[PDB]
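Undergrad: just coords:
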């Protein structure tokens, strides 16, 4: 859509020189508070595009490309809330502090799309009402005509359905 | 989890070199226009470390690392709208031109599904009803039972939400719904208690009456229908019934109650349940619309309690019917 | 942190730490680099000035920060004392005796090898004898080789 | 507090101890470390700059303090005392007389052994006769002196 990140691939550099942060640490924690404190600091998860979340240690390691790395590979790190990011270099000096990091990006989109959307099947996407009946898990929509004969039975499988006929 | 890590400070490099832009000027403007002209310029905001926003002029100074900087310190520069961005270096050469910054990564319907499909949340995908209620911005679907206890408060965030209950709410005490806006609907609701309370039947099989105390005690059973729980009024009505009844069948408070507390426009449609009650506390302009055969408990099926809050007005029973109850069905 | 100096950006923040600041982030975002480029035309007059390995930067597409320098690792220890004195008037101050001395001493070292090679006598005139102490005297005048 | 001179990270708090600070941690970051790296870059050329001997950073966790000492002995009394004088203007102060004297006299004894290796007088040219006081030289004249 219209949503895009500032850095197409996350990369962290020194404040007044364009050179990657080497052997840096990133502390991820609650918004508008220092993530240095363990109390504010939150656990970070690797978001697998499969639809799995696994838990890893709270600090993120910065390689020599200035990119996030965990388990010797480029990872996609997510949190369960809006977070603050604090970039620290190898001398432990604070390069940059970002109080607010929030994004809507649903990628994976197996787990996400169940919770953020409603489901109604349209009769136009099936050739028969029987197929659209078994494919209705919540909503059912009748947007076109259906022929029927004496003694034609349609089964919904015991599912509770809100049917809308237009 | 879904909040992907990012740095709000964009990386700047030259068009034909890897050298980072420095001592530049950045003009922010309207969608698909040149931001350089003052006519197309739009307010640039700084997102502070208190989460507040202060308005600044469109020119942004670029540090020697190719990142955004303003006030001489590292800050987050945000906008409240889509915008055009023109990146310039110190020599006045135009590094980039972005016609509309918020236009980027389009295609692949997963991202673009936000603007063209109805939102709803599902109770199975959130740990609790508290989480599912506050995460509901449109629909709320109850696809599993929710265990509740008295004093359980579910915050809906002050939003108009259509709660479509295709599953029960199990528990005893008050399941408290707060902050539901005007025009909110609760439809298909069912309320069932976890325990099965004792009930007495003071009628025959021809649906008359039993006026003998021992005969009412003889029909004593644990059920949620074909009788209602022993009332204090029943003790006066049938003399000596109380002594005959066991202690466990007396003093009962077993009702599964959905309480709408201090909301307006919340109308409970298709109210059903076994040992069910609906208590509207402090509410005004809230109706019970077409209740379909509920069975009452110690708490009334239709209860308007305006003892807390101001005097009730607009609290109506329009259509529907009720059955059983150990107290007044409409009170 | 700072790695290898592949940019005048790393030089600039170190120069600001020498002149005024006590090893903290500078307000500069292009200041010392402008003085560096102007000093490296007085030095390295197309290799006829002070040779530091410098190569010119266009400063069109180069922003004049990440700009070309090509300076030696040896030449780093000189320049940041010279540039420290150059941004000293900019703050309405004047550099101390340590900075100006090392600035000249660093400039001296960079030109040292150049001054050694260019300080050499020219060949013997074309009027030196062929020599009869050199066998088979023939040549009139001299070769002008040695 | 004054640290050991084994590595640049631990060296740094002892450099600042000389110049200004007394029992205070250095507010020097990586800015003063790179100045020491380039100090022994020019000096690590060993054709011009005075031979110190040094081991350069291979990146430990800090990229510029990943180094180790390669120092001779007179270089031990030279390099960090010189660095202390360079970081004294950072705090807008000038180093005391003991620090400047030690760094000089440390650099002075360091070039003492270096000078003998590099510089030696050239022998006789090749206009040189063998000499007739020679007894069986087995040559008449010489290619140079030998």
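TA: Thanks, I have the structure now. Residues are numbered from 1 along each chain as shown, chains lettered A, B, ... in the order given.
Undergrad: What is the end-to-end distance of stretch A:155-166?
TA: Using C-alpha to C-alpha, to the nearest Å, one end of stretch A:155-166 lies 21 Å from the other.
Undergrad: same question, stretch C:55-68
TA: Across its full length, stretch C:55-68 reaches 7 Å end to end, with C-alpha to C-alpha as the criterion.
Undergrad: list the contacts for the residue nearest to residue C:114 when sequence neighbours are not counted?
TA: Leaving aside its sequence neighbours, residue C:114 sits nearest to residue C:51 (C-beta to C-beta, 6 or more residues apart in numbering or on different chains; 5.3 Å). In this view, the C-beta of every residue, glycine as well, is placed from N, C-alpha and C. The contact partners of residue C:51, by C-beta atoms under 8 Å, 6 or more residues apart in numbering or on different chains, come to C:44, C:110-111, C:113-114.
Undergrad: before we move on, what about residue C:4?
TA: Residue C:4 makes no contacts at all, as judged by C-beta under 8 Å, 6+ apart.
Undergrad: thinking again about what came up before, turn the contacts of residue C:51 into TSV, columns for secondary structure and neighbour count.
TA: Listed next are the contacts of residue C:51 as TSV, based on DSSP: H, G, I helix; E, B strand; the rest coil; neighbours: other C-beta atoms under 10 Å in any protein chain shown:
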residue	secondary structure	neighbour count
C:44	coil	20
C:110	helix	25
C:111	helix	17
C:113	helix	13
C:114	helix	15
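Undergrad: For these, which two are the farthest from each other?
TA: The two members of the contacts of residue C:51 with the most space between them (C-beta to C-beta) are C:44 and C:113, at 14.0 Å.
Undergrad: thinking again about what came up before, of the contacts of residue C:51, which is the nearest to chain B?
TA: residue C:44 (20.3 Å; C-beta to the nearest C-beta).
Undergrad: quick one, what contacts the closest one?
TA: So residue C:44 contacts C:50-52, C:54 (C-beta under 8 Å, 6+ apart).
Undergrad: which of those lies closest to residue A:99?
TA: Minimum distance to residue A:99 across these is 42.7 Å, recorded for residue C:54 (C-beta to C-beta).
Undergrad: Could you report the separation of the closest residue in space to the closest one that isn't next to it in sequence from chain D?
TA: In space, residue C:54 comes closest to residue C:44 once its chain neighbours are excluded; the distance is 4.0 Å by C-beta to C-beta, 6+ apart. Noted for residue C:44: a distance of 17 Å to chain D, by C-beta to the nearest C-beta, to the nearest Å.
Undergrad: the helices in chain C, which residues?
TA: In chain C, the helices defined using DSSP state H lie at C:8-19, C:32-42, C:76-86, C:97-117.
Undergrad: Equivalent analysis for chain A, please.
TA: All helices of chain A, identified by DSSP H, fall at A:112-115, A:129-134.
Undergrad: and residue C:32, what is it in contact with?
TA: Neighbours of residue C:32 in contact, by C-beta under 8 Å, 6+ apart: C:8, C:11-12, C:15-16, C:83, C:86-87.
Undergrad: check those against chain B, which are close?
TA: Filtering the contacts of residue C:32 for proximity to chain B by C-beta under 8 Å from any C-beta of the partner chain leaves residue C:12.
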